[PDB]
Number of protein chains: 2
Amino acid sequence: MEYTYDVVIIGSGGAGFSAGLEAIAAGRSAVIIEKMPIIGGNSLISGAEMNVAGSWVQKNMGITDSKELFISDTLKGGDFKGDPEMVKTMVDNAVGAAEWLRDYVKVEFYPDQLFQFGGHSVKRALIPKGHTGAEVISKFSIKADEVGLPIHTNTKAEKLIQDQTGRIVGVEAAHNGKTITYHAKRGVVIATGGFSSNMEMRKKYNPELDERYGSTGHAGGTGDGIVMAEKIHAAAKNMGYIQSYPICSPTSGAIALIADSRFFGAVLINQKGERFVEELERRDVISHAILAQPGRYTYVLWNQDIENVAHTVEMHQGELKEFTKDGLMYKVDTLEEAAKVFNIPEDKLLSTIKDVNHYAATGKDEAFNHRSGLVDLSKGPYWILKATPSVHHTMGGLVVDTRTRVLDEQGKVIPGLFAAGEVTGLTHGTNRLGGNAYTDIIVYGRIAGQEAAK
Amino acid sequence: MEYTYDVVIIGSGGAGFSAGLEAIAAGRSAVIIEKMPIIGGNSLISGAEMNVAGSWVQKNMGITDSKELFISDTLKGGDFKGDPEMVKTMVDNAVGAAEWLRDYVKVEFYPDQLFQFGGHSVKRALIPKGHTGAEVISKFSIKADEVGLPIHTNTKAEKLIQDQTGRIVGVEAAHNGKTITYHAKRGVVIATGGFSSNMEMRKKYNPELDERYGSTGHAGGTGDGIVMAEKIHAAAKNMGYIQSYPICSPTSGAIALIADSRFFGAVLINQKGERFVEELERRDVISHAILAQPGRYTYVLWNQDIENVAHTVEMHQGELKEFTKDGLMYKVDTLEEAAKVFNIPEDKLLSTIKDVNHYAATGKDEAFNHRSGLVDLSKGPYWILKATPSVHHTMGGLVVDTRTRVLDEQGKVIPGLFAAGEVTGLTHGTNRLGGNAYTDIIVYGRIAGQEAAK
Ligand SMILES: Cc1cc2nc3c(=O)[nH]c(=O)nc-3n(C[C@H](O)[C@H](O)[C@H](O)COP(=O)(O)OP(=O)(O)OC[C@H]3O[C@@H](n4cnc5c(N)ncnc54)[C@H](O)[C@@H]3O)c2cc1C
Ligand SMILES: Cc1cc2nc3c(=O)[nH]c(=O)nc-3n(C[C@H](O)[C@H](O)[C@H](O)COP(=O)(O)OP(=O)(O)OC[C@H]3O[C@@H](n4cnc5c(N)ncnc54)[C@H](O)[C@@H]3O)c2cc1C
Ligand SMILES: O=C(O)/C=C/c1c[nH]cn1
Ligand SMILES: O=C(O)/C=C/c1c[nH]cn1
Ligand SMILES: [Cl-]
Ligand SMILES: [Cl-]
Ligand SMILES: [Cl-]
Ligand SMILES: [Cl-]
Ligand code: NA
Ligand code: NA
């Protein structure tokens with residue numbers, strides 16, 4: 001079997017969907033090939049919070065922002081190693097990208113909630129309904145079906161097809177044990193995500209991130225797009241810069257979105273029954289703090305009063321069930337029971353929470369200077385979750401220009417080849433800020449589909 | 001020539017002076033040997049700001065603090081690698097150390113000023129009169145003369161004397177081209193400071209910090225105390241952790257205390273005439289930001305209105321004269337002249353300052369979110385200073401216990417040998433917080449003199 005389309009997109013995450021919808025809208029034929037049996041990749045299981053300076057939600061909330069500040073925040077976050085034009089183009093197109101999600105894809109965002117990720121000077125992360133990428137990918141899928149964008153699941157790209165001029169003119173893919181050739185008349189878009197779930201690639205570029213660490217990502221995040229492009233002499237950069245997320249499942253590696261309760265008053269408790277870091281510190285600080293605790297894990301503890309504001313249990317019931325079945329999470333009536341289930345010294349936990357309750361009442365955390373104010377934890381019920389850092393995002397990847405054209409080892413455009421999303425390596429410097437992956441994948445996914453369609 | 005004292009102290013910085021005064025006060029004979037022609041080492045040229053949780057000045061200013069928070073701040077600052085008992089003993093003795101400086105040494109601190117160094121959750125750095133160590137070392141010197149503590153300048157310790165039991169029983173030193181033997185009946189205190197000015201030792205332990213970087217320290221900061229103790233099998237740790245200070249002379253390496261005006265409204269301007277980092281960001285962030293600018297330097301720009309509050313020109317007139325003579329600093333009437341003297345694009349500088357003036361008026365810095373509020377810079381005169389990062393403090397050094405006893409490679413006490421101050425390597429982890437060196441050198445200097453005298 002062979003197929004022919006104008007634009008062949010590899011991957012059904014936010015970057016690939018954005019490229020596909022733009023290619024179809026330009027009047028071209030397009031397909032997305034997806035190696036998993038389900039669509040959406042890490043974009044699906046993402047929190048999908050998306051930074052935008054100058055959003056309609058900021059206006060609703062009375063929050064002032066500027067592109068200049070979003071750019072400076074972002075460049076600083078990556079230790080000033082990100083490509084300034086890549087960051088500028090991301091920020092310059094972020095409002096349009098989010099309004100396009102709202103108006104064209106019909107993604108629903110909360111009109112009056114924003115998150116301020118570490119490193120951002122103001123609250124600027126839009127929040128999709130449900131606080132996950134489920135809303136985003138489901139709406140993308142509906143819109144793709146409406147406009148006539150086919151998605152071929154269980155179809156694994158294995159090789160880029162390069163003609164004698166050096167132009168990329170298609171993709172060889174595996175489906176049901178056979179090779180299928182996808183001819184691409186105008187362009188191939190690599191939108192395959194990162195390599196957080198490729199242990200050998202992690203160890204090659206960052207030996208510390210070995211089998212001691214899980215991955216927050218899906219099993220398909222294995223760097224295939226980098227490997228396939230390097231075979232035809234695409235350049236890569238920043239491959240060793242790989243970030244972790246602090247509060248993840250010790251068993252599966254999955255992120256614990258349910259533990260976003262720490263932004264609403266949950267406390268981090270070590271095996272000794274003691275707090276050990278400000279719960280609102282930067283994520284890398286929290287990760288290092290946890291790895292310095294006994295056993296290299298923490299507990300996250302909160303009560304019904306916090307859930308009634310935060311809703312992270314209601315919003316992440318699959319995590320609740322999975323973590324509970326894995327023995328990583330308990331719902332308990334009393335702090336004494338919270339200590340018992342995890343062999344935490346009872347007297348120390350009770351003393352810690354007595355202090356927390358006093359700090360909540362005064363607004364002054366005399367142990368760690370909690371920046372927003374603690375919440376009284378004297379009454380339950382309680383959730384207590386065991387968590388540890390897990391590998392989360394690969395900042396490195398393919399070298400592209402701001403038009404998403406992939407460049408070779410001499411900086412020359414590889415004709416017919418584009419790349420967008422976590423597979424690229426020039427936006428985030430040494431360290432991506434929270435909420436900036438979604439901005440990157442939508443902005444550059446759209447550009448890639450536009451450029452491939454030309 | 002030979003001398004005999006109960007306690008022989010090597011170095012006349014804050015650690016050595018503290019040890020000497022305690023030894024004399026215990027009723028023992030003591031001497032300080034100092035290799036330079038002047039006393040005070042880096043403690044002399046320090047800002048000498050000293051962190052204390054629970055000081056009389058905090059009480060005057062209505063500021064609440066706690067030892068728990070000072071400990072947690074400190075441990076976090078060094079990436080959780082500092083020795084917890086060393087940090088606890090430092091914090092537990094900080095109030096007593098500062099009250100001892102005030103009441104016994106007669107150091108004058110401002111009663112109503114404190115500095116909040118990066119990483120500290122509350123304002124807690126006491127400020128000596130004059131905003132330098134000159135006050136501290138001059139008062140130490142007077143007190144030493146009053147109590148009968150001799151200081152032998154131009155006397156360089158070269159070898160520790162070890163008897164057949166393994167006990168350290170003296171020091172061989174060079175003076176006027178001859179070797180002088182100092183017999184120590186009860187103890188030798190190594191208080192020799194750090195190795196920021198030893199290029200070969202820097203390169204050995206941190207190859208990046210080579211000849212591209214100057215040193216903020218005096219010429220005597222060469223690691224001699226580490227070398228002399230390792231010869232008799234003292235252990236060392238954390239030697240590769242070496243911190244820089246962001247705003248220093250590109251010619252001499254000296255710190256620019258005069259540029260503490262950035263805590264009162266001065267702006268950082270690159271060669272392009274643009275701001276590029278929040279001026280109140282963490283020092284390591286500022287250092288990296290500067291090294292990312294054209295030429296790897298910044299300018300620091302402020303006006304008379306800022307000086308009338310900050311006083312950093314009045315307090316650091318020697319810097320003013322030296323930097324000006326070196327072509328690194330100008331006093332100018334207009335922003336146009338500030339641009340001219342350093343070949344900064346005039347239009348860009350004027351546009352940058354127009355923005356600053358608007359941000360000062362509104363309190364909202366739309367470019368970098370200055371956390372305290374900018375100050376109008378429309379009227380002069382102005383100072384503009386060229387600055388770059390310089391090597392500043394060596395966190396590593398000798399292994400001691402909390403009694404300042406030096407330990408060998410098997411963790412065993414070396415009898416008769418003590419060490420205190422920047423020469424030790426267990427307090428600050430990977431990164432010392434501002435103001436914490438002075439706390440360390442006084443607390444542990446006092447302990448070392450007390451323990452050596454026993
Ligand atoms: C749990 C989690 C939470 C996150 N939360 C946030 C957040 O709130 N905000 C934020 O900004 N970022 C967040 N991130 C990061 C962000 O979600 C991702 O970086 C981003 O979604 C990646 O999008 P993408 O389109 O590049 O790739 P993906 O979404 O990973 O999609 C790539 C797709 O390509 C497919 N593919 C790969 N190789 C092949 C091949 N050979 N053939 C065919 N198909 C292939 C994969 O199967 C996958 O479906 C989160 C990440 C995770 C894991
Ligand atoms: C410019 C500057 C500003 C600073 N500002 C601050 C600040 O505000 N707050 C803060 O907390 N920290 C600050 N620091 C750091 C702090 O001042 C130092 O870490 C601290 O003063 C070191 O004290 P010390 O007693 O260990 O050593 P030093 O003060 O360096 O004294 C050691 C002495 O031993 C002598 N010596 C060395 N080898 C020999 C030998 N072989 N024989 C004899 N004598 C020898 C040296 O000549 C020197 O005089 C600053 C540092 C500098 C350089
Ligand atoms: O890594 C990110 O950008 C966001 C992670 C996250 C956590 N909770 C919601 N999103
Ligand atoms: O490095 C420190 O602890 C302090 C440096 C400084 C700058 N200005 C006054 N002190
Ligand atoms: Cl703007
Ligand atoms: Cl690289
Ligand atoms: Cl206290
Ligand atoms: Cl070490
Ligand atoms: Na990447
Ligand atoms: Na040290």
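FYI, residue positions are counted from 1 along the chain as it appears here.
Just so it is clear, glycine is given a Cβ too, placed from its N, Cα and C backbone atoms.
Just one of A:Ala15, A:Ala367, A:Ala452, A:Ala453 is listed by Swiss-Prot for the same FAD site as A:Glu34, A:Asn42, A:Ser43, A:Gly47, A:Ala48, A:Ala157, A:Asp224, A:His393, A:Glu422, A:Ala437, and that one is A:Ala15. Of all the binding-site residues listed here (A:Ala15, A:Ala157, A:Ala437), the one with the fewest other CB atoms within 10 A of its own CB is A:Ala157. Comment: FAD site residues A:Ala15, A:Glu34, A:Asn42, A:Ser43, A:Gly47, A:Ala48, A:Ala157, A:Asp224, A:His393, A:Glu422, A:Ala437; largest CA to CA distance 27 Å, whole number.
Separating the Cα atoms of A:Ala157 (FAD binding site) and A:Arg283 (active site, proton donor) is a whole-number distance of 34 Å. Residue pair A:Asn42 (FAD binding site) / A:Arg283 (active site, proton donor) shows a Cα separation of 19 Å. Of all the recorded positions listed (A:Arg283, A:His393), A:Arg283 has the fewest other CB atoms within 10 A of its CB. Across the structure, A:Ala15 (FAD binding site) and A:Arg283 (active site, proton donor) place their CA atoms 25 angstrom apart. Between the CA atoms of A:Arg283 (active site, proton donor) and A:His393 (FAD binding site) there is a gap of 13 Å.
Shown in sequence order, A:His131, A:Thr132, A:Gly133, A:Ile255, A:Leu257, A:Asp260 are the residues of the chain, 6+ apart in sequence, with a C-beta less than 8 angstroms from the C-beta of A:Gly47 (FAD binding site).
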